[PDB]
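Presented below is the structure to which this report refers.
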Amino acid sequence: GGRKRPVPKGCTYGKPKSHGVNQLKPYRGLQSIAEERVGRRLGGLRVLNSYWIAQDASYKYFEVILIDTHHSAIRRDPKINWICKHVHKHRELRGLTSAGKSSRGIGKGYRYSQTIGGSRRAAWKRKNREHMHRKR
Amino acid sequence: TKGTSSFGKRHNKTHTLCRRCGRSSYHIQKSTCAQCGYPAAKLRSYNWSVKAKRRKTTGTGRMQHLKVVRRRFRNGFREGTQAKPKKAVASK
Amino acid sequence: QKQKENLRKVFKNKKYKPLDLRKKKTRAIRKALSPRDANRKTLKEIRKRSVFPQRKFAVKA
Amino acid sequence: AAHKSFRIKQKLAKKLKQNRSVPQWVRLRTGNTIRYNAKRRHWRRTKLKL
Amino acid sequence: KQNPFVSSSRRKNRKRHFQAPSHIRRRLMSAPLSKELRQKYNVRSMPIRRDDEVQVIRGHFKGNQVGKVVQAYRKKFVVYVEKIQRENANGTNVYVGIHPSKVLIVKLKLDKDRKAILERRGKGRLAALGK
Amino acid sequence: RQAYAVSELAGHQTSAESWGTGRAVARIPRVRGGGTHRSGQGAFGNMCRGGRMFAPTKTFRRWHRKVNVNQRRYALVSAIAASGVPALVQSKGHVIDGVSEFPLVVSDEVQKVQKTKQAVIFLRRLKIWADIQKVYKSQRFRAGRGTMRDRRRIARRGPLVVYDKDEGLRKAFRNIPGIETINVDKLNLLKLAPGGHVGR
Amino acid sequence: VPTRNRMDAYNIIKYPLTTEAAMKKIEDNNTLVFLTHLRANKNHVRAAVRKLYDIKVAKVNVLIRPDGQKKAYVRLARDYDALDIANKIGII
RNA sequence: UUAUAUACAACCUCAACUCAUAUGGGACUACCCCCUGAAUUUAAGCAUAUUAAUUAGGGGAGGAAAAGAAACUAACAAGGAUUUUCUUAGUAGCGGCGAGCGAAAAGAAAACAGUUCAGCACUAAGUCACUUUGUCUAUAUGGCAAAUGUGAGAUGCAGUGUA
RNA sequence: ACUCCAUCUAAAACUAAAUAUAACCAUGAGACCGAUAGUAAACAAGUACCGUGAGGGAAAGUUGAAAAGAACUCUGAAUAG
RNA sequence: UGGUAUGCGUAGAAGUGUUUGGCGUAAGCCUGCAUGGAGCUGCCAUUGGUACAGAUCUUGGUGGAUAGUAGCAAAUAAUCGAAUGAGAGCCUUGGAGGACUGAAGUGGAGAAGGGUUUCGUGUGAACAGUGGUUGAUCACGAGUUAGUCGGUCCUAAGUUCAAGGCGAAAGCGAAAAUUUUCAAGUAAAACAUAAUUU
RNA sequence: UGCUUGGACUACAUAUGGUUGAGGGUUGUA
RNA sequence: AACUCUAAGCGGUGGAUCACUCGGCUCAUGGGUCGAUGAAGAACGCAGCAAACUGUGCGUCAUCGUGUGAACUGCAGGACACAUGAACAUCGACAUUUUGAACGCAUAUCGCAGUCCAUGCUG
């Protein structure tokens, strides 16, 4: 659930807009949170996806899809060869996993015009650039 | 009377020689380095401490292995031996 | 060097040679998919390419 | 201290070597900037301290 | 310098000649061949090799002191030659630093190495005359 | 014009915060800690040793004017027109006291000239001699500082030879000092009016 | 490999001290005093002395110099007189 | 087999290996992907706002990163992944509608490139990792061949084929 | 809400180029600065030095063409003259 | 900085000292003379990190105070005097002699600390707010040997952290401490091998 | 064997293969 | 007289000014090359004479191979091995300490084990 701000119980040093503790919520889904934790222990297997089985009160049940890139079955067999590429190292933290892609919010079009043009950081940078052409 | 006298009772080394960096900054009581986070995986290289990274960086040391990697790249990491096109007989 | 070559000729013909005979290249390069296992194409992609390989033609006047 | 841990003794021992006045024939080199040994740590002038 | 690899920049060029690794230092420390030797071999210049006879075309000597190179002291960018010494106040005769770019090589040592380099110089001599 | 800027981090390295008065030493920011004799010592001011200048040079400084299409062309045509008119040419220098004609037109056989020696033979007879001699003699070591910048100095822009077709004109011409060759297509304003002074 | 044994009888004994005070201990006390490797566990010193110079070693006492080196004071069996052996090693 | 009555062969699930074989961690950190997250300041004060989805913090990659063949853009005589630049635009619009903030489509260009599972009746698991030995030959975690030897796999994999 | 139309096909996966680059390596320029300047550092510079520590962190370039760096004599313990 | 005076220049540039001569209301300019040693300037356009007395300005240097005024004064404090040297109240030192701390020491040891400071030899400038041949200085050498003393080992207060977890991660201003038998184990064998033990 | 020296090994998380195992999970032979 | 004031010449003091600069700065261009096959960084010991910088690891200021072809240089041991090679580059073969992710466990201890192989002594 709610990712209650790690506040000292001292009141959060500033403006009243920042004073919420317990109603402050992950910009990352619980699907992704499940994946990132597994991925640090299992750094040798590369995570494609996560799907849900069941949920009661305190916990949500996921099965996480793990691939062996160092097993020559998975080097072997052409469709999944590209996952062995070093570009896919911990997808989970970069949200190239389905869980992470949704939290970063990359949909074509308009409902996401800001942020689809740039991934979520990138869009900001383009906009706030004075593109100074030489021959002004 | 703790004025210069406060200096006068200073005999107990709070920091000893860093196993990681020798910078003599490891807290006996906390068993932890200021700067170099003493055997807790991470060296604490802060981006607020631009200067700290500057001290800790490549180039402050001899960079022994990694320098050789650079030249071998240009060679396209070949195991073999070039040898000698012409004679060249060693006899006395 | 005579030990080194003695070891090389024994480990020659033998798979999984000792770590120091293994081409110390770079860590990334070693694990980066052998050339055989990059060229691997699905049976269907072989059909697609087999009939239709991009042929060296021309345009125009 | 007074009976120094072995790690300490090695660091101090190296420091004793540094405290030597530069061989005077090295001063005569072509583009020799070295007039003196100038990092001479004299124990009551420059500690090692902290 | 028309090709993109190429320093005209004053600071960079000064890096190169002053900080020169000894093999580049030989090139720098070449001396032109005597008018005699130019007829025989058709070679402009050769990089000073120890037994080479030398006449100093400049300072104080400006013609003659027909002597053999003791050593090419490449780090000082200086060549010292036997018989050419400056009187010190302490009576000590110390060799005059003579740059090889002041010098004629009068006599060339022949090795298989030395001949091969004269021969390279012989073969390129034909080419840009052709051009 | 190639962008120069002062380092943006220069004079901001120093952690210095300014000692409030009562400290008997002036308002300016002063380098903290101890015993280095940089401390504490004069930091951050444009009026300080090691401190950053007011206005620090920034790479955003405007190089180029886009000049109106018709306007540069107007200047170019005016330059070509000045290239005749003998009084203008004398005015810029160019020792042309005994020259065959203005506007000086010479046979197309001039273009074919493979060799520098052959080129000079032509040019002199054609009556360049004094003006080419105006060049080489004048080469002189730069007075500035400009010498370090590879701006070794100025030597005399003698003659602009113009060709329709490069049959080996350019390479022959390139060598000879202050003598520049152009194509009729390109006709540079810089070459026709150097220093905005009409009369090449 | 296998990696060759990095403490040969050679490496163990680097030098004889030959200092003014050390020479006296050859004369009087029948000890040959050696500069040794900081890796040499005393029992290394005995073995190496026995093997190189034929001498039966009685006991070895080991000091670290403030010059980051070892001194090994090697007591010889009464069958072997020091001073002959020092000059067999060629050093007065 | 199952009441404490043994023995064997399976499945599931979880342990034990200095087991055979591999992999992750840490750094660098200009650029970049995320998480996380201020205030000074501005408003001549000040709280929403602004500063700002910014600094600081921390994880993760590559030569670029990420993104990527549209649950798009449109309303047309439609166009047709993504990225960036030119534009729209200091505008639609937001905003104690105060201070201040603000993009995309069409249009123009740079460069261009497309696709595949899984789910249908392959219907004689057609598939795969390993272990040994034949051969080959890198200095192979390699390929060829044999044991049709273990093991994975019908709690599902080949394969047509991806709207 | 009702009644339609147009338009795709989500909640899966792979994918160059154009696009970024204050670091790193290999390079080229400057109407850049010229030793209180310029990077902190042109130099045994992240050094010397301070601080318990995090950190703070300098000052300081130049004989001459060649050392030819003043032999020798004299005064002075000598440095020096 | 573009152009130019076919500018000046090691036969002396620039720089700079200057009761040289002169010009301009001035900003400022030129020249002479001396010094100098390697490069430089006028004019027309072109760009600025463009002109200083100050900012309790910055940084470096230097005065008057003041070749000496504060002072170098607490623990009386020497002193005869032999030796040596360039010089000697101390510091070099004997002999001698006045005293001091007055064994709860200004002594004789060690820890905490120091880091070559210990010690011999050489011994000059700098240092010993004085001298100083001498020193904890400066230069050159040597020296710290252990089965039995400490470290080691052991635990304490307390800590480092593998957990089920939680966290944005790192890590947990955390003692979490859950984790098939996470447990200690036999000079032991028959049927869960057979005793105990988290 | 005792005494002594040298080299090579002995972290953790985890996948696969290996074999030992295990549970009144559950099936079957008796 | 002396001193003081004022000016000038000369000598100090001091390092401004000028001219130089193997450096700095900024823009552009090509490339992608750390790590459990044990990194970056740290410590430690190393030159004939070194104490640092720089270089290197116990084979320690460096070794193979390769290129070039006679230095290094302050003084020298050396210089020889210049024709099989100096010395520098190349550096593709090796070495690459004690550490550090740091890996038996620890670290105001270079502290203390276990295991295999192996050596000497005693038997």
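Condition first: touching a helix residue (DSSP H, G or I) at 6+ places or on another chain (Cβ under 8 Å), among the polar types (S, T, N, Q) and assigned to a loop (DSSP other than H, G, I, E, B). Can you find one or more residues in the stretch A:124-132 that meet it?
There is no residue in the stretch A:124-132 that is touching a helix residue (DSSP H, G or I) at 6+ places or on another chain (Cβ under 8 Å), among the polar types (S, T, N, Q) and assigned to a loop (DSSP other than H, G, I, E, B).
What pairs come out if I take residues in the stretch B:38-66 that are closer than 30 Å to C:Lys24 by Cα and in contact (Cβ under 8 Å) with a residue 12 or more places away in the chain and pair them with residues that are small (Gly, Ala, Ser) and in a loop (DSSP other than H, G, I, E, B) whose C-beta lies under 9 Å away, six or more apart or interchain?
The qualifying pairs are B:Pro39/B:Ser31; B:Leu43/B:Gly37; B:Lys56/B:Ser45.
Find the residue count for the stretch F:68-89, including only residues that are over 23 Å from the mean Cα position of the chain (by Cα) and either within 18 Å of F:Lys186 (Cβ to Cβ) or in a helix (DSSP H, G or I) (or both).
Matching residues across the stretch F:68-89 total 5.
Please find, within the stretch E:1-16, the residue that is nearest to E:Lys83 (Cα to Cα) out of those that are within 14 Å of another protein chain (Cβ to nearest Cβ) and outside any loop (DSSP other than H, G, I, E, B).
In this case the residue turns out to be E:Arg14.
Out of all the residues in the stretch E:101-131, which are buried (at least 16 other Cβ atoms within 10 Å of the Cβ) and in contact with a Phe, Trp or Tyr (Cβ under 9 Å, 6 or more places away or on another chain)?
Once the filter is applied, which keeps residues that are buried (at least 16 other Cβ atoms within 10 Å of the Cβ) and in contact with a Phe, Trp or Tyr (Cβ under 9 Å, 6 or more places away or on another chain), the stretch E:101-131 yields E:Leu108, E:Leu118, E:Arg121.
What about B:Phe7, is it surrounded by fewer than 10 Cβ atoms within 10 Å (Cβ to Cβ), out of contact with any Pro (no Cβ under 6 Å at 6 or more places or on another chain) and of a type in the set (A, V, I, L, M, F, W, C)?
Here the answer is yes, as B:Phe7 does meet what is asked.
Scan the stretch A:85-102 residue by residue and report those that are within 16 Å of RNA strand L (Cβ to nearest atom) and part of a helix (DSSP H, G or I).
Correct list: A:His86, A:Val87, A:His88, A:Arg91, A:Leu93.
Quick one: which residue in B:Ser25, B:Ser31, B:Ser45 is over 11 Å from the mean Cα position of the chain (by Cα), among the small types (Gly, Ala, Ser) and within 12 Å of RNA strand H (Cβ to nearest atom)?
Exactly one of B:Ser25, B:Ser31, B:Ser45 is over 11 Å from the mean Cα position of the chain (by Cα), among the small types (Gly, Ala, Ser) and within 12 Å of RNA strand H (Cβ to nearest atom), namely B:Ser45.
Check A:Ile106 against each of (1) more than 14 Å from chain C (Cβ to nearest Cβ); (2) in a strand (DSSP E or B); (3) in contact (Cβ under 8 Å) with a residue 12 or more places away in the chain and name the one condition it does not meet.
(2)
Residue under question is G:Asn61, and the condition is that it be within 16 Å of G:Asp8 (Cβ to Cβ) and within 12 Å of RNA strand J (Cβ to nearest atom); does it hold?
no
Could you please tell me which pairs satisfy a Cβ distance under 7 Å, a separation of 6+ or placement on different chains, a first residue in the stretch A:81-99 that is more than 15 Å from A:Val38 (Cα to Cα) and within 14 Å of chain C (Cβ to nearest Cβ), and a second residue that is assigned to a loop (DSSP other than H, G, I, E, B) and among the charged types (D, E, K, R)?
Pairs that qualify, where the first residue is more than 15 Å from A:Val38 (Cα to Cα) and within 14 Å of chain C (Cβ to nearest Cβ) and the partner is assigned to a loop (DSSP other than H, G, I, E, B) and among the charged types (D, E, K, R), are A:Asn81/C:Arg40.
Looking at the stretch F:138-146, is at least one residue away from RNA strand I (no atom under 16 Å from the Cβ), touching a residue at least 40 places away in the same chain (Cβ under 8 Å), at negative phi and away from every other protein chain (no Cβ under 14 Å)?
No: the stretch F:138-146 contains no residue that is away from RNA strand I (no atom under 16 Å from the Cβ), touching a residue at least 40 places away in the same chain (Cβ under 8 Å), at negative phi and away from every other protein chain (no Cβ under 14 Å).
FYI, it's all coordinate maths here, none of it is from the lab. Note: ideal-geometry Cβ built from the backbone for every residue, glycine included; neighbour counts use all protein chains shown.
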